[PDB]
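What follows is a short report on a single structure.
For the numbers below, each heavy atom of this structure counts, side chains included, while hydrogens, waters and symmetry mates do not. So you know, we letter chains A, B, ... as the sequences are listed, proteins then strands, and number each from 1.
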Amino acid sequence: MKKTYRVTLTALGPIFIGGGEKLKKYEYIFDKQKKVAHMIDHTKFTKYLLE
RNA sequence: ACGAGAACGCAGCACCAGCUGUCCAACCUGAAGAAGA
């Protein structure tokens, strides 16, 4: 008979799996001043470009 | 100078009454973004 054993994932290491791909820095910011990176949303960017 | 002549087989009348094209059934099965960029 089926049972229930709850399991967790203490991902001590960083993870990568594929769901898609993106090209060079045309919609994401790769800063180097304070060493941070950024990825954009969609709707706010659309409104920003509209204005 | 016909066993003759004259004489609508015609008049009234709903192929109609009741009746679920319904019942059961999963659009379901099997299938890593890796890899020497």
Side-chain angles (χ1 to χ4, degrees):
Chain A
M1 194 64 70
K2 267 144 86 186
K3 42 158 180 172
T4 67
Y5 276 180
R6 191 257 209 183
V7 177
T8 193
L9 191 84
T10 58
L12 190 150
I15 58 186
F16 165 52
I17 191 167
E21 274 275 298
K22 73 193 293 185
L23 272 73
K24 205 74 84 174
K25 315 179 195 181
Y26 305 138
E27 68 171 296
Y28 74 97
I29 296 97
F30 186 70
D31 269 326
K32 283 156 152 144
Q33 302 90 342
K34 74 169 158 86
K35 285 314 294 161
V36 295
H38 305 73
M39 316 295 199
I40 63 170
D41 49 48
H42 197 272
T43 301
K44 196 75 62 152
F45 185 71
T46 61
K47 206 78 60 193
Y48 170 79
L49 281 193
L50 180 53
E51 289 183 353

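Taking syn as a glycosidic angle within 90° of 0, B:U22 does not qualify and is anti. For B:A4, the base adopts the syn conformation, since its glycosidic angle falls within 90 degrees of zero. For B:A14, the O4'-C1' to base torsion is more than 90° from 0; the nucleotide is therefore anti.
Counting to the nearest Å, the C1' atom of B:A37 and the CD atom of A:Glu21 are 11 Å from each other.
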Can you give me every donor-acceptor pair (side chain of residues 43-51 of chain A, partner residue at least two apart or in another chain, under 3.5 Å) with its distance?
from, atom 1, to, atom 2, distance (Å)
A:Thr46, OG1, A:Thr43, O, 2.3

Per-pair distances, 0.1 Å, donor-acceptor, side chain in residues 5-33 of chain A, under 3.5 Å, sequence neighbours excluded:
none

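Here B:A25 and B:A26 show unstacked bases; the six-membered rings are not both centred less than 5.5 angstrom apart and angled under 30°.
Taking atom P in both B:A26 and B:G30, one finds a spacing of 16 Å when rounded to whole Å. Rounded to whole Å, the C1' atom of B:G33 lies 24 Å from the corresponding atom of B:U29. Separation of the P atoms belonging to B:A35 and B:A31 is 22 Å when rounded to the nearest angstrom.
Within 6.0 Å of NE2 on A:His42 lie no more than 12 heavy atoms contributed by other residues, nucleotides or ligands.
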Requested in this report: Go ahead and write out RNA chain B as dot-bracket, 5' to 3': ( ) for pairs within the strand, [ ] for ones crossing earlier pairs, | when the partner sits on another strand, dots for unpaired; Watson-Crick or G-U wobble, both distances under 3.5 Å.
Outcome: .....................................
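For B:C24, the sign convention on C1'-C2'-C3'-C4' gives a north pucker, since the angle is positive. The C1'-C2'-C3'-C4' dihedral of B:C27 is negative. Its furanose therefore counts as south. A positive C1'-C2'-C3'-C4' torsion places the sugar of B:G12 in the north, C3'-endo-side range. With respect to the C1'-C2'-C3'-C4' torsion, B:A4 shows a north sugar, the value lying on the positive side. The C1'-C2'-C3'-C4' torsion of B:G9 is negative, which assigns its sugar to the south, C2'-endo side.
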Nucleotide N/O to protein N/O under 3.5 Å, stretch nucleotides 32-36 of chain B:
from, atom 1, to, atom 2, distance (Å)
B:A34, OP2, A:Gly18, N, 3.3

